[PDB]
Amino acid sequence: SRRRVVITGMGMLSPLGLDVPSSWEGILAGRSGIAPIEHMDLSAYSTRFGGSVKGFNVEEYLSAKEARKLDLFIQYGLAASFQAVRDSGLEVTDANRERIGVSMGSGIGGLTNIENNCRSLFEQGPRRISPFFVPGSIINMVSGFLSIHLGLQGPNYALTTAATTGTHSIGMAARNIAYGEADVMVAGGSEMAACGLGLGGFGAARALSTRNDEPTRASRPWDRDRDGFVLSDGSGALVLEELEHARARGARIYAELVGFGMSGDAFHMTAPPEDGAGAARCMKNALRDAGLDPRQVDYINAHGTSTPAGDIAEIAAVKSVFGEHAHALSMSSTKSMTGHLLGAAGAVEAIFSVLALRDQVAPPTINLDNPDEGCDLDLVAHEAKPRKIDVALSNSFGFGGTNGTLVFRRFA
């Protein structure tokens, strides 16, 4: 936390829109992006719906030749990254290209491509595997391809930490800038896990909601009838920049990234401790890194995935950290609308947290019809809430008990 880090560009693909403003309009209207899945036939599946990206045209970003070599998760990551870089207005030159890097991650990476190449392998043998199978499927190729396309020669890496991926990606990129390893980073995450292995894998783990009769009502964080998360696809990217660098070029600054915290639960592979102790440690770590007291937090974009154990653990953790102030802040889960974008969740939610600061509005938790026992905070049920927001937190808690929190502030 030596140099200051601000956000100067954002980009997104989500189930609510093919860019940031379309998605945000959806969020503030309480719109659902969840529908029956169209791109595959799901009769053997217990979950037949999810949050797809609708109408994506990769040829707005890449040639058809380039695009056919890359898994969808890479296409989505590059689309968000290009949007964010364009949004920032930054011009890459010989004088600065060594100072600009990339940290775009994914939870599961190129599962569609792997499954398609596996089909070829099993039907017709190894000679039918694509030559582009490896570089078109490995998780670090969003960072790799972005760097090649834009001539970025700074730190170049990729995280994979399940639902925490996007949060880790952004926080670690911010550390690179704070410590002088880069002046600008493109950071975030992307996911497209809606293939048979993904839907079938999460379904085999009984992780997913099975509310096929009412898909838009399936994702219902903190609601007593919740029954697992909704699988969603897309990407989010931010342009993080050192403050004096941004000021010097006249950049538009959305917000300041002031804190990043991490912890491990060290408890269980998929279930949190019921008191959310690891989440509490993570949020405290983030606030201590920001030099902020818990009483200064106005809004939390929750992890809130619509799981029985997870949702109530996060309430417990918020109550532990914030004490009486827990009833003054607002906390919402935008996964009520978007579903769970896995490795992209923390990226799209960071963008929502920044826009909550820009617009002074807490996005809703839709579908919060009957809050569960102990779920008595301001969860922004049903409808967006205009309010004062100086400090916003975004939480991500992932398989393995891996936790991350980002803290954003209105800039001055």
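Throughout, we count residues from 1 along the sequence that is shown.
Undergrad: Quick one: say whether 188 to 196 or 121 to 129 has the higher mean Cα B-factor in the deposited entry.
TA: Here the higher of the two C-alpha B-factor means belongs to 121 to 129.
Undergrad: Output the stretch having the higher mean C-alpha B factor in the entry; the candidates are 176 to 184 and 269 to 277.
TA: Mean CA B-factor is higher for 269 to 277.
Undergrad: Among the choices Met104, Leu208, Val239, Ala248, identify the one whose CA B-factor in the record is greatest.
TA: In the PDB entry, the greatest C-alpha B-factor among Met104, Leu208, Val239, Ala248 is found at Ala248.
Undergrad: I'd like to know which of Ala384, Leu368, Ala347, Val354 has the highest C-alpha temperature factor in the PDB entry.
TA: Going by the entry's C-alpha B-factors, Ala384 comes out highest.
Undergrad: Going by the recorded CA B-factors, say which third of the chain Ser1 sits in, lowest, middle or highest.
TA: As the PDB entry reports it, the C-alpha B-factor of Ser1 lands in the highest third of its chain.
Undergrad: Sort the modelled residues of this chain by their C-alpha B factor and say whether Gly50 lands in the lowest, middle or highest third.
TA: According to the entry, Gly50 has a C-alpha B-factor in the chain's lowest third.
Undergrad: Going by the entry, which third of its chain does the Cα temperature factor of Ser169 land in?
TA: Lowest third.
Undergrad: Comparing against every modelled residue in the chain, figure out the third that the C-alpha B-factor of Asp233 lands in (lowest, middle or highest).
TA: Lowest third of the chain for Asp233's C-alpha B-factor.
Undergrad: What third of its chain's C-alpha B-factors does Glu91 belong to: lowest, middle or highest?
TA: Ranked within chain, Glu91 CA B lands in the highest tercile.
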